[PDB]
There are 4 protein chains.
Amino acid sequence: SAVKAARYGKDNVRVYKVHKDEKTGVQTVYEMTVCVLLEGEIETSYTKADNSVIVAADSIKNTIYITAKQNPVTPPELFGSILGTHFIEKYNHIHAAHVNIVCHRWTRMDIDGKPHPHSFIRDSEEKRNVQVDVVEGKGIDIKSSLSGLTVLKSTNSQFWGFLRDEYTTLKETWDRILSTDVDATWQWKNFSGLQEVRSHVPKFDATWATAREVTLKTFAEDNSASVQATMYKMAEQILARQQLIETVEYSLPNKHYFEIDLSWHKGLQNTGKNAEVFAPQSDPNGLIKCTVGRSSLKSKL
Amino acid sequence: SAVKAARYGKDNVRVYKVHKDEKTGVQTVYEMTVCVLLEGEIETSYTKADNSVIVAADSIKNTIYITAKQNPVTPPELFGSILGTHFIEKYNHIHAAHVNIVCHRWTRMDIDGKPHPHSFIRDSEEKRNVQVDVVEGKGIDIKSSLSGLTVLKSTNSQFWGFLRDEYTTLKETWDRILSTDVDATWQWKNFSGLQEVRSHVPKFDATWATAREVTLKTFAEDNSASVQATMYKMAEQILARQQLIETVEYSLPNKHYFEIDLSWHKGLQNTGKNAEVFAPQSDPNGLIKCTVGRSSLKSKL
Amino acid sequence: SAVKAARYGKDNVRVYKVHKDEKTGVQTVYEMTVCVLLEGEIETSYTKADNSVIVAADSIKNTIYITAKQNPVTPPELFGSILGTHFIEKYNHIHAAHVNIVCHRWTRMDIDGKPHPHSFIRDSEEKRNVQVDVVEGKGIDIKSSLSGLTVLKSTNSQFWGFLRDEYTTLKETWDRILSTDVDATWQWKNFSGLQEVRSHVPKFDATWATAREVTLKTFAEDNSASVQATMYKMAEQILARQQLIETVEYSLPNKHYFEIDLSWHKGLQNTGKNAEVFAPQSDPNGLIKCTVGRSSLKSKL
Amino acid sequence: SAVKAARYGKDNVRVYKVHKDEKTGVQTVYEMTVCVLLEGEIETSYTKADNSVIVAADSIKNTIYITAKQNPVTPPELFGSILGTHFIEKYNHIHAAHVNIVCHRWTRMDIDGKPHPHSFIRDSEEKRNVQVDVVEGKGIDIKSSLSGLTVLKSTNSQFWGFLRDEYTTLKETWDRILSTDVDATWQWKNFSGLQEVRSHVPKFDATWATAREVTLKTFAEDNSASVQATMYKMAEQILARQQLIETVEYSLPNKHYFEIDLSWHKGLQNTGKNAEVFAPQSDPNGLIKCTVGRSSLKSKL
Ligand SMILES: Cn1c(=O)[nH]c2c(=O)[nH]c(=O)[nH]c21
Ligand SMILES: Cn1c(=O)[nH]c2c(=O)[nH]c(=O)[nH]c21
Ligand SMILES: Cn1c(=O)[nH]c2c(=O)[nH]c(=O)[nH]c21
Ligand SMILES: Cn1c(=O)[nH]c2c(=O)[nH]c(=O)[nH]c21
């Protein structure tokens, strides 16, 4: 037997950080959950009970809090890059650091139409995430994402012209409800190290804002032919707006709202143009995925 | 053996309703989860296998969708009162209907600074709830609530002067983080029937809006002496603003954010006035409850 | 405004305790989650920012661990009674202690057909719970429960003879799947204090075992006319087997398994006597409740 | 823009199947949740609103129930292989089918020491899973797993000799609690098609049973030097017992149980050899992973 793959460390590390402007009294909070898993010359911990190669997960936890004390926690792409770089530089025998960060929403409260200096509301369970893989000799691979963005449109969704055979019962529709939970990931060009990540810092918040804006506007305005066709338009617009992105991935459930035939009861009309009351279906659901990149096809376009 | 208490019916009934203004094209959606449990002369279903006294839960489910088709679903206090009244009036042997409704947020999307006619966002897992108990011969008892409103303030919370004995380790503080999930319930005066509920319909949305506004402003502006003292101020202001409320109940967890002593590492200062990085605690938590009503004490005030 | 009701304390306190037989090497573990809420002369903490009347929830947490160190944690009815009594005796101004305990399963592992001395498995998310209300001057009110016991029978469940009117679509059945999550509560006679609870200690484990045995055997052997009729038989047998119980309460969801008509596909027969493949429904569900006590009817039985 | 990756279909499809021995009256139930995602010449559904290439997820759902009606659902490796093969054979333009199955426990009830013919208990939320990737021209890749197996040992776990530097606070221990949720995956040799999967059918149940037995016995008997060292022993034994497995992967959280120093209270001794009461930590947790395969190193072993 031999170790083909190994990583270890600490998961579910909750972190809060406050910034206090002593001049204005304005406070700003940041809250996240962090996972750090290390790789390197660690196989003997598995094979030989050699704990000398283990940077204790407790120590990794201490290091997350120390890094957050001594560095910005925003944008999360930067914080993740700083943290991962620390582990591969500090420890000769550690050759990769895998940093996952989930960012929790704390939106400043408006009280009597004025922003409150130190009060916040969890305005959505929507998250902003990063996956930062720091690989010694191979730079920094960053995937940025928004997840748990739950949306619904009551019309301007269609689904007709799909394959029909002996397995098919679904009726074509020219007007249905569309509801999803948006998981959208943008994959950055490889960065050579922390200096190159730092040189692009304003692009992280800007690209997250673009991804969210494009997701909401496209969902709201596309007279959707399918989830497939709608998500492709979101991905192509985000790629057009940030050249340092290589790919945009969407993973979208089709959260069904079924019509309810009430015609058995006093001839009530609640289908088609008369549909007012629907049954939201918890399961099953459609699931639609794609990864969009830029073309290099020159023939048979 | 004898039946001391019994109720039965249908839980977790997901309901969506759309309103379509054909003039403006503006669509408005409502989504809820409904539970209806009936009481009455039903003991023989338990004791004698007498199913003749059971209004099938499947039929109760059909009735929820039919009621939603033929009546407003908003405010939920009205929808609940209509539904509960239907069961005690339709069925001679049914003497109480217990209607619980959870209302899910679908907030209209703003696209390029304009409200979209048919696109919505789940802007919070915060709920608006009702419990409506329709009791034949005893009218309609309504409890209204907001739940899952998650808030945090980074300063202007204190906790000192508490009892200290041989069980006490907690340090007094003059500056801590306060974070909670707000569960706030307002209990209406008994209504004689559906006509009296209908006569007060505008008060339901107005009182929910008042409860939320008072909760947010008080949380944000109170230099809090304790969760106890802060919630009491919220409850007294809501009672002052709606005479048809008898009681206001709060149930608030104290969701702890602990300081992290980093002085063992390079003398880093992260406690007291230098506290920037905190550890959010998932459990345990403080839990603080109270029900506030109006006084009738004339002596020893 | 005046305080009509108030309680406060600590929730979600996770507790583990190990017993080590040094003679045999056999270790036994206990794991629970504890909530303690106090009542008494505490209104000034709410009305006057008077923290002198608050036994800090942090101190209540310390007290749970100290009690567990100095006393048995089993049966949970005893541990809860000890803990609640401590608060009303130690603090003159505290007049009630509300102790909720959830007990988590750690079942000894059998390895090569022999019980392992120190290895355990979470063999079910089924819980054993207590609610212990210690009220100064009014003794100790205990409710014991089992919850999250998930069961299914594939036949010997029926549902016919229910009310049929213009709201009814459900077909009568003489053979259906029955599946539920069992919540069963037994309410003890009021105990005068801790001495009387201690005098009955063996009855707590014995009555929990009886409730579980009766629940499983009745579910498995009753050719069920309805959930109502089946749960009534469980409750009456548990009352017959423990005179110190006053009431037995069941709360049972009817977790539906729907037939799937496949006759549209190659005439496949999958309904009635040919039903093999079913669709489990996550929601909605039936919900059936009753509280059974002993009779004192002497006429019109 | 161009489609670099795409799949779509149906998730969260709950399936139940009953087998009825008419001779013995013995019934056997199977319950699972199924996901099927297809790949192939489907990019035009994304780029051109061409729904002609979509096998509707509703049709995929119908096909799961039809397959379950016409074929064994056990072992899940076989059911998954049948289902995936159907999609790549039926549809010329579909070139891969990705089938994920979660199997839910329904263990036969023993009533009065005899197995009941038609009553079952969810004896654990532990799952048995498969991932079956059917790739046209490349056969059938199967990963089998057990997940959610929650275990604890109260002693015979150690953690000492780990790296100590300026980030390290953790104390070495020679006796701690070890608790985890076991996620164990075994990767099968590539199968050429459905005939080769069928030729190995008895190996699926046997290898799952081996993986579980080895996991439980090793956890219980290993005087653990670390999670790393313990999981490596499990993986090497499972590889030794099934030559058709290429790799065994473990993913194990270290679910911490912290000692509680009570010496501040009446000198109570609850640490080290006197530790009886512990605080289970919900988060953070250690996370330890490895993939073990067979060696081909001939030098520098
Ligand atoms: C309703 N529906 C299916 O059944 N499949 C699909 C699909 O892949 N995409 C859709 O937009 N809708 C839909
Ligand atoms: C921190 N803290 C306790 O320990 N108990 C209590 C309490 O009841 N109320 C608070 O506001 N804080 C607090
Ligand atoms: C299927 N079904 C209903 O619709 N209602 C009821 C009920 O109250 N009890 C049952 O056992 N089944 C059932
Ligand atoms: C307690 N502890 C750490 O902090 N890290 C680790 C690790 O990787 N492995 C362990 O078994 N324990 C442990």
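The figures here come from the full heavy-atom set of this structure, side chains too, leaving out hydrogens, waters and symmetry mates. In what follows, chains carry the letters A, B, and so on, assigned in the order in which the sequence lines appear, proteins first and then strands, with residues in each chain numbered from 1. Just follow the structure's listing: the first ligand is 1, and inside any ligand the first atom is 1.
With a 4.0 Å heavy-atom cut-off, ligand 4 is reached by no atom of D:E172. Heavy atoms of C:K61 found under 4.0 angstrom from ligand 2: none, in either backbone or side chain.
Note: A:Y91 and A:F87 have parallel aromatic rings, judged against thresholds of 30 and 60 degrees for the angle between ring planes.
Taking 4.0 Å as the cut-off between side-chain N and carboxylate O, D:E166 and A:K90 count as a salt-bridged pair. Between C:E259 and C:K171 there is no salt bridge, since none of the side-chain N atoms of the basic residue sits less than 4.0 Å from a carboxylate O of the acidic one.
Between C:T230 and the choices C:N223, C:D222, C:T180, C:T215, the side chain to side chain donor-acceptor pair (under 3.5 Å) rule is met once, by C:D222. Each of B:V227, B:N285, B:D183 was compared with B:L252 under the side-chain contact (heavy atoms from CB on, under 4.5 Å) criterion, and only B:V227 meets it.
C:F159 CE2, 3.4 Å is the protein heavy atom nearest to atom 2 (N) of ligand 3. The closest protein non-hydrogen atom to atom 12 (N) of ligand 2 is B:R176 NH1, 3.1 Å. What sits closest to atom 4 (O) of ligand 3 on the protein, heavy atoms only, is B:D58 N, 2.8 Å.
Of the possible donor and acceptor atoms, none in the side chain of A:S59 sits under 3.5 Å from a partner among the backbone N and O of A:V55. Of the possible polar contacts, one joining the D:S179 side chain to the D:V151 backbone as a donor-acceptor pair under 3.5 Å is found.
For ligand 2, the atoms sitting less than 4.0 Å from at least one non-hydrogen atom of B:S226 are 11 (O), numbered in the order shown with element in parentheses. Every atom of ligand 4 with a heavy atom of D:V227 under 4.0 Å away is listed here by number and element: 10 (C), 11 (O). Distances below 4.0 Å separate heavy atoms of B:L170 from the following atoms of ligand 2: 1 (C), 4 (O). Of all the atoms in ligand 4, the ones that sit under 4.0 Å from a non-hydrogen atom of D:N254 are 10 (C), 12 (N), 13 (C). Contact atoms of ligand 4 toward D:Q228: 7 (C), 8 (O), 9 (N), 10 (C), 11 (O) (distance under 4.0 Å to a heavy atom of the residue).
Heavy atoms of B:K10 stay at 4.0 angstrom or farther from ligand 3.
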Go through it in stages, so that I can follow the logic: the residues are B:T173 and B:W160, the test is side chain to side chain contact (heavy atoms under 4.5 Å, CB included), and I'd like the CA-CA distance, side-chain angles, deciding distance and then a yes or no. CA-CA 6 Å; B:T173 185; B:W160 56 261; over 6 Å; no
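Considering both main-chain and side-chain atoms, A:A57 comes within under 3.5 Å of ligand 4 through a nitrogen or oxygen pair.
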